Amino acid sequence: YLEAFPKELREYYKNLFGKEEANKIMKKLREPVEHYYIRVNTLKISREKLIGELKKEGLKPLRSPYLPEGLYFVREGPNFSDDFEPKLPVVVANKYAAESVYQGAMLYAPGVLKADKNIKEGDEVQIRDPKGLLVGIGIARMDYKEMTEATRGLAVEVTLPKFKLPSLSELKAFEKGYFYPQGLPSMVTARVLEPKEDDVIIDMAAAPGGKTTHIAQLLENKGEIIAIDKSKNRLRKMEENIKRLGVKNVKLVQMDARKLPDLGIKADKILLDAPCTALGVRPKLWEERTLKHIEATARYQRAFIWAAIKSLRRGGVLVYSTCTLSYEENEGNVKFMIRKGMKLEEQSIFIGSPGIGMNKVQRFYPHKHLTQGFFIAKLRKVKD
């Protein structure tokens, strides 16, 4: 599994976590989350009602004892050994299709990069990513020719994915806005913000609106949430999420969030779920980002942070979060915040790990908490 991570990043992890822990993290990082979480949209439905609805579809949701809005599914797999060499013709899926197949998705024709020419419908085939990673085994539903030419349709019915997560996008319950897929650390993030109906609230990197709509339901569609993103398409997707979830609480604004103080707003609560190297996301088939990205991105996040601090009322609260493992983007950038008049505060929910040489910030690790790698800092602005 180590091959999935560039050598200098591996040295970095060993340095930052210790050889043993670093190895446990990387190994788990290559696998999908063991507990696949969704958020109950309490704007439309209760947890127990939704559970009943999901059981109807043959799904087995489990309750979180920490998040009354939390449900999760237990991951299946691995369904074959890491060294398994099936005696089967190969279908090569592109980088994106391979990752979804890795978690139980079917392989559709546009996802097919190339294939063995002997393949006919009904043949058993193995599916590999462009680097030879075996991600699944299944039955071809197209001949070789149609597979490499079709613009739509089923190419391989994946009957033996390496891992299996439930597909929730096609459920009636999803179309009716009953839930929103979202990791446990992400849900904790919104709770720890403790949004109030009175608070002036800003999500300055909000699309596609996962944490924003979570705040919305905690506010019970009262108050107002200002949600900022630079991307119009991602804001376009966020508009759809809002409508589906029945969120009436949110004001969208397109802009570079680093220029946030250009508004005349002094917020009481700011969520900064900052763009990051995403070193913690799962599954991690191949890590492309490395040390140069950590420094550049960390420096890039500071602009957001500074913008937020200047836009906070004194006594105001900032919650900073990333889906990355690096020190620089996390604890290092919090030290930055501490030098700029911010004070660390106890978070209301703490089920993860302590930070690196740092007490009140919260980390999540895939090997310890069955989640993506994650980081949460909650700060109070004591002075300007």
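Just count from 1 along the sequence shown to find any residue number.
Undergrad: Do the CA atoms of 196-204 or those of 114-122 have the higher mean B-factor in the entry?
TA: Stretch with the higher mean C-alpha B-factor: 196-204.
Undergrad: Hey, which bit's got the bigger mean C-alpha B factor in the entry, 334-342 or 35-43?
TA: Comparing 334-342 with 35-43, the higher average CA B-factor belongs to 334-342.
Undergrad: Between 91, 272, 137, 173, where does the Cα B-factor run highest in the record?
TA: Of 91, 272, 137, 173, 173 has the highest C-alpha B-factor.
Undergrad: Could you check 153, 104, 78, 183 and tell me which one carries the biggest Cα B-factor in the deposited entry?
TA: Largest recorded C-alpha B-factor: 153.
Undergrad: Please rank the C-alpha B-factors of the chain's modelled residues and tell me whether residue 61 sits in the lowest, middle or highest third.
TA: Middle third of the chain for residue 61's C-alpha B-factor.
Undergrad: If you rank the chain by CA B-factor, which third does residue 312 end up in: lowest, middle or highest?
TA: For residue 312, whose C-alpha B-factor we compare with every modelled residue in the chain, the answer is the highest third.
Undergrad: Rank-wise, by C-alpha B-factor, drop residue 69 into the lowest, middle or highest third of its chain.
TA: Its C-alpha B-factor belongs to the lowest third of this chain's values.
Undergrad: Among the modelled residues of its chain, does the C-alpha B-factor of residue 379 lie in the lowest, middle or highest third?
TA: For residue 379, the deposited C-alpha B-factor lands in the middle third.
Undergrad: Compare the C-alpha B factor of residue 24 with those of the other modelled residues in its chain, then answer lowest, middle or highest third.
TA: Middle third of the chain for residue 24's C-alpha B-factor.
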